Amino acid sequence: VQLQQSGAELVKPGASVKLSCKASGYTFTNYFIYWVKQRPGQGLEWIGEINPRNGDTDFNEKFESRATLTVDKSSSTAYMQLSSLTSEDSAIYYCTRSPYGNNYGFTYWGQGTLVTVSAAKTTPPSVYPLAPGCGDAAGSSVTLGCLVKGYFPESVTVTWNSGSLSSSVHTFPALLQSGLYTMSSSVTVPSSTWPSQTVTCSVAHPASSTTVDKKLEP
Amino acid sequence: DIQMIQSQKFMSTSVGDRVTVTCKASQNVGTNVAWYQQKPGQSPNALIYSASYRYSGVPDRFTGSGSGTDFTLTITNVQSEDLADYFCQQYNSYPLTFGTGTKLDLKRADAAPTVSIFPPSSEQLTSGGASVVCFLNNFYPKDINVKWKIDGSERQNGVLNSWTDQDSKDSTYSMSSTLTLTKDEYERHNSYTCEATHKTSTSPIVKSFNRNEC
Amino acid sequence: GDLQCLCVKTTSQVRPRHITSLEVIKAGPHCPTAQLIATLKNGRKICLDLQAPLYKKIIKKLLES
Amino acid sequence: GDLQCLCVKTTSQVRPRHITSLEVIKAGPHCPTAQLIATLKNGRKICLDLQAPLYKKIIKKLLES
């Protein structure tokens with residue numbers, strides 16, 4: 001990957017958060033770097049640009065104070081702190097690129113980093129197995145879920161058997177429950193052979209760093 | 001700050017339709033326009049620049065139009081893969097401005113929500129609570145209502161649901177009916193049934209499990 | 001994806017009767033965008049703008065001596 | 001202060017037969033590295049190394065005409 005990015009996290013209002021961005025090739029020193037946050041509800045907003053060679057910038061006037069860019073020629077690195085948060089700073093940030101230096105659209109982007117503002121009570125993720133059994137289970141395609149609720153902060157990904165059947169994948173959005181979050185996921189699988197093969201849902205929560213994978217059987 | 005007025009924000013079309021993403025400029029930018037493609041839950045991919053000139057490795061289907069204050073993005077043939085989001089751009093004056101976005105939905109074979117019953121977790125009796133879920137998937141449209149049936153009655157203490165963004169291969173949503181009940185009231189009742197009233201079937205499709213045996 | 005684009009930024013000052021070649025390198029696997037490199041009278045390669053009717057006009061000044 | 005280098009990757013492995021033309025560009029203001037591009041017989045451009053003595057290997061084979 002050419003434009004990697006930092007981890008996703010939340011912080012308290014009126015604070016400071018430092019980001020990171022790396023690149024690969026001479027396509028750093030010459031090209032102008034750009035930062036943008038995705039609401040994603042309202043839309044996209046521009047923060048500013050920054051020359052890698054010199055250091056001269058040109059931020060947006062509405063969000064100038066809530067911005068600080070320092071480009072280091074260490075290893076093609078680009079950082080951004082935030083001068084005092086509010087509550088509208090809840091947006092996922094990107095480290096974009098452009099092909100003709102500072103013009104002609106935005107080619108490369110990157111994975112991104114999700115940032116929110118609340119500072120509620122932190123809670124590790126709660127994982128619970130959801131299988132049939134005892135009922136009927138008989139059919140052509142018996143689908144199963146894995147509940148991942150009661151967690152804090154955000155950033156969660158669950159994968160079934162590393163990707164046994166990627167067709168028709170399910171990803172149920174997080175619900176704000178008791179200052180925490182409530183998430184769930186499932187996938188479709190043929191009932192051709194079920195009582196034989198082992199299925200484990202791999203749960204990731206890099207915001208608090210916890211991993212729980214449980215075995216599924218009727 | 002200039003802003004780019006996008007008249008349409010929520011659209012929907014069939015397999016192979018001509019779509020026109022309406023995007024008009026507040027002040028003059030002069031051809032310095034760009035269109036993008038935001039994949040559901042993914043970074044916006046570079047689509048086309050200057051409402052004419054296409055990037056490297058972009059299909060023939062995409063076509064830009066108009067100049068100055070008026071711009072238009074058109075698309076000839078659409079596939080299951082082309083389902084996503086599309087944004088608008090201008091690059092002539094700093095600060096540079098974006099827009100709002102215009103989503104789309106592909107029209108195809110309509111589905112009925114294949115619901116499955118799920119008994120509460122075995123760990124729920126060692127933590128303090130209850131988790132009864134009826135996972136429903138592959139259905140149309142996104143508008144549905146959740147109902148319950150316990151011992152003939154119903155509860156709505158904490159039924160929190162969430163809809164998925166339709167898959168890029170079937171174009172159908174999915175909902176999960178999460179419950180947050182206590183331990184004592186749960187154990188007392190026996191029969192548990194979840195009702196789902198929709199246009200696909202006159203009577204709500206349920207799936208029930210008995211507290212006995214299980 | 002080894003090789004990359006051969007341009008950085010556009011040029012303001014444009015001398016219609018001081019240029020020789022105009023390499024119009026279209027978008028490719030290397031550079032994600034098209035290119036308009038011109039060679040000057042003294043042999044100095046520069047990049048130009050696409051959008052504006054630059055070339056539409058520059059061609060004449062090249063073709064008519 | 002425009003005009004970026006054409007090469008980003010050095011590379012050394014290549015067919016001494018299937019090739020057309022080769023050029024070496026001096027370390028200019030716009031491009032600081034020693035450029036060494038060669039146009040492929042199929043219609044592509046590739047780069048090379050300085051201290052890798054395989055560039056000479058091909059040159060000779062072309063003068064055999």
# chains A, B, ... in the order shown; residues from 1 in each chain; ligands from 1
$ residues_around --residues "residue A:142" --least-positions-apart "2" --cutoff "7 Å" --atoms "only C-alpha atoms" --output "PyMOL selection string"
chain A and resi 137+139-140+144+189-191
$ write_last_selection --atoms "C-alpha atoms" --output "PDB file, in the first residue's frame"
ATOM      1  CA  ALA A 137     -32.385 -26.624  11.100  1.00  0.00           C
ATOM      2  CA  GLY A 139     -33.391 -26.829   4.677  1.00  0.00           C
ATOM      3  CA  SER A 140     -31.199 -25.764   1.748  1.00  0.00           C
ATOM      4  CA  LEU A 144     -26.164 -18.097  11.162  1.00  0.00           C
ATOM      5  CA  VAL A 189     -24.047 -21.119   3.820  1.00  0.00           C
ATOM      6  CA  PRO A 190     -25.507 -24.292   2.184  1.00  0.00           C
ATOM      7  CA  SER A 191     -27.039 -26.944   4.431  1.00  0.00           C
TER       8      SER A 191
END
$ calpha_fit_and_write --fixed "chain C" --moving "chain D" --output "short mmCIF file (atom, residue, chain, number, x, y, z; two decimals) with C-alpha atoms, in the first residue's frame"
data_model
loop_
_atom_site.label_atom_id
_atom_site.label_comp_id
_atom_site.auth_asym_id
_atom_site.auth_seq_id
_atom_site.Cartn_x
_atom_site.Cartn_y
_atom_site.Cartn_z
CA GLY D 1 4.30 -1.14 -11.98
CA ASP D 2 7.03 1.44 -12.59
CA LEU D 3 7.38 4.54 -14.83
CA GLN D 4 6.23 7.77 -13.12
CA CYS D 5 4.51 10.73 -14.76
CA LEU D 6 6.70 13.43 -16.26
CA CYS D 7 4.53 16.35 -15.08
CA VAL D 8 3.86 17.56 -11.55
CA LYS D 9 2.80 21.10 -12.38
CA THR D 10 0.07 22.07 -14.83
CA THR D 11 0.93 25.66 -15.91
CA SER D 12 -0.74 27.70 -18.68
CA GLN D 13 1.37 30.83 -19.31
CA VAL D 14 3.75 30.42 -22.30
CA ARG D 15 5.07 31.99 -25.55
CA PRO D 16 3.05 30.88 -28.62
CA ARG D 17 6.11 31.52 -30.78
CA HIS D 18 9.20 30.07 -29.13
CA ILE D 19 8.52 26.35 -29.36
CA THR D 20 9.36 23.23 -31.41
CA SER D 21 7.33 20.04 -30.87
CA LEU D 22 4.39 19.03 -28.70
CA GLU D 23 2.87 15.70 -27.68
CA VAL D 24 -0.08 14.39 -25.67
CA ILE D 25 0.09 11.06 -23.91
CA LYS D 26 -3.01 8.96 -23.13
CA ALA D 27 -3.87 8.12 -19.51
CA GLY D 28 -1.83 4.91 -19.26
CA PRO D 29 -1.36 2.40 -16.42
CA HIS D 30 2.00 3.94 -15.47
CA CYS D 31 0.69 7.50 -15.72
CA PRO D 32 -2.98 8.31 -14.82
CA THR D 33 -3.07 12.04 -15.67
CA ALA D 34 -3.48 13.36 -19.21
CA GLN D 35 0.12 14.23 -20.11
CA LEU D 36 0.84 17.23 -22.32
CA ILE D 37 4.54 17.90 -22.79
CA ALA D 38 6.14 20.25 -25.30
CA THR D 39 9.81 20.53 -26.22
CA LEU D 40 11.06 24.12 -26.03
CA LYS D 41 12.99 25.85 -28.80
CA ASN D 42 15.87 26.29 -26.32
CA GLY D 43 16.04 22.70 -25.06
CA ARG D 44 13.59 22.13 -22.23
CA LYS D 45 10.26 20.39 -21.62
CA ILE D 46 7.10 21.98 -20.12
CA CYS D 47 3.57 20.83 -19.23
CA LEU D 48 0.07 22.24 -19.80
CA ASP D 49 -3.63 22.09 -18.84
CA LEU D 50 -6.57 20.21 -20.35
CA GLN D 51 -9.38 22.78 -20.10
CA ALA D 52 -7.09 25.72 -20.90
CA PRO D 53 -7.74 26.51 -24.60
CA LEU D 54 -4.26 27.90 -25.36
CA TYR D 55 -2.69 24.68 -26.64
CA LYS D 56 -4.64 24.98 -29.89
CA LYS D 57 -3.43 28.59 -30.27
CA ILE D 58 0.14 27.41 -30.93
CA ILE D 59 -0.58 24.29 -33.05
CA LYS D 60 -2.01 26.39 -35.89
CA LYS D 61 1.01 28.75 -35.97
CA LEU D 62 3.32 25.82 -36.77
CA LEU D 63 1.33 24.63 -39.81
CA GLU D 64 1.87 28.09 -41.34
CA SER D 65 4.79 26.89 -43.48
#
$ closest_atom_pairs --of "chain B" --to "chain A" --cutoff "6 Å" --atoms "only C-alpha atoms" --output "tab-separated table"
residue	atom	partner	partner_atom	distance
B:46	CA	A:107	CA	5.4
B:95	CA	A:60	CA	5.4
B:100	CA	A:43	CA	4.9
B:118	CA	A:132	CA	5.8
B:121	CA	A:129	CA	5.8
B:162	CA	A:173	CA	5.9
B:164	CA	A:172	CA	5.3
B:214	CA	A:134	CA	5.7
$ write_last_selection --atoms "C-alpha atoms" --output "mmCIF file, in the first residue's frame"
data_model
loop_
_atom_site.group_PDB
_atom_site.id
_atom_site.type_symbol
_atom_site.label_atom_id
_atom_site.label_comp_id
_atom_site.auth_asym_id
_atom_site.auth_seq_id
_atom_site.Cartn_x
_atom_site.Cartn_y
_atom_site.Cartn_z
ATOM 1 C CA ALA B 46 -11.221 8.398 -8.974
ATOM 2 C CA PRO B 95 -10.504 26.374 -0.453
ATOM 3 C CA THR B 100 -23.543 16.280 -0.994
ATOM 4 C CA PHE B 118 -32.104 -17.699 17.027
ATOM 5 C CA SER B 121 -26.731 -17.169 23.804
ATOM 6 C CA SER B 162 -30.449 -1.947 11.958
ATOM 7 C CA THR B 164 -27.651 -3.057 5.962
ATOM 8 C CA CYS B 214 -34.005 -26.200 24.140
#
$ select_by_dssp --residues "chain C" --states "helix (DSSP H, G or I)" --output "JSON, numbers by chain"
{"C": [54, 55, 56, 57, 58, 59, 60, 61, 62, 63]}
$ closest_atom_pairs --of "chain B" --to "chain C" --cutoff "9 Å" --atoms "only C-alpha atoms" --output "CSV"
residue,atom,partner,partner_atom,distance
B:30,CA,C:51,CA,8.7
B:31,CA,C:51,CA,6.6
B:32,CA,C:51,CA,7.4
B:50,CA,C:51,CA,6.8
B:53,CA,C:34,CA,8.5
B:54,CA,C:33,CA,7.9
B:55,CA,C:32,CA,5.6
B:56,CA,C:32,CA,4.7
B:57,CA,C:29,CA,7.5
$ closest_atom_pairs --of "chain A" --to "chain C" --cutoff "7 Å" --atoms "only C-alpha atoms" --output "Markdown table"
| residue | atom | partner | partner_atom | distance |
| --- | --- | --- | --- | --- |
| A:30 | CA | C:8 | CA | 6.9 |
| A:100 | CA | C:8 | CA | 5.1 |
| A:101 | CA | C:8 | CA | 5.3 |
$ select_by_dssp --residues "stretch 49-210 of chain A" --states "strand (DSSP E)" --output "MDAnalysis selection string"
chainID A and resid 49:50 68:72 77:81 91:96 113:117 126:130 144:151 157:160 172:177 180:187 199:205 210
$ atom_distance --atom1 "atom CA of residue B:192" --atom2 "atom CA of residue B:155"
10.6 Å
$ residues_around --residues "stretch 154-156 of chain A" --least-positions-apart "6" --cutoff "7 Å" --atoms "only C-alpha atoms" --output "list in words"
residues 8, 9, 204, 205, 206 and 207 of chain A
$ write_last_selection --atoms "N, CA, C and O atoms" --output "JSON list (two decimals), in the first residue's frame"
[["chain", "number", "residue", "atom", "x", "y", "z"],
["A", 8, "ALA", "N", -8.25, 3.95, 14.18],
["A", 8, "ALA", "CA", -9.48, 4.68, 14.44],
["A", 8, "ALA", "C", -9.76, 4.76, 15.94],
["A", 8, "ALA", "O", -9.71, 3.75, 16.64],
["A", 9, "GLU", "N", -10.04, 5.97, 16.41],
["A", 9, "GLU", "CA", -10.32, 6.21, 17.82],
["A", 9, "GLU", "C", -11.14, 7.47, 18.07],
["A", 9, "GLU", "O", -11.31, 8.30, 17.18],
["A", 204, "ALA", "N", -13.02, -8.80, 15.47],
["A", 204, "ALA", "CA", -11.95, -7.83, 15.68],
["A", 204, "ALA", "C", -12.47, -6.53, 16.26],
["A", 204, "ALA", "O", -13.52, -6.02, 15.84],
["A", 205, "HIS", "N", -11.74, -6.00, 17.24],
["A", 205, "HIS", "CA", -12.02, -4.69, 17.83],
["A", 205, "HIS", "C", -10.72, -4.00, 18.19],
["A", 205, "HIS", "O", -10.33, -3.98, 19.36],
["A", 206, "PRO", "N", -10.04, -3.41, 17.18],
["A", 206, "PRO", "CA", -8.71, -2.81, 17.35],
["A", 206, "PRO", "C", -8.70, -1.56, 18.22],
["A", 206, "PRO", "O", -7.63, -1.10, 18.62],
["A", 207, "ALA", "N", -9.88, -1.01, 18.51],
["A", 207, "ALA", "CA", -9.99, 0.18, 19.35],
["A", 207, "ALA", "C", -9.73, -0.11, 20.83],
["A", 207, "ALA", "O", -9.27, 0.77, 21.57]]
$ residues_around --residues "residue B:195" --least-positions-apart "3" --cutoff "9 Å" --atoms "only C-alpha atoms" --output "PyMOL selection string"
chain B and resi 145-149+203-207
$ atom_distance --atom1 "atom CA of residue B:170" --atom2 "atom CA of residue B:13"
14.6 Å
$ atom_distance --atom1 "atom CA of residue B:139" --atom2 "atom CA of residue B:171"
8.8 Å
$ residues_around --residues "residue B:69" --least-positions-apart "2" --cutoff "9 Å" --atoms "only C-alpha atoms" --output "ChimeraX atom specification"
/B:24-31,66-67,71
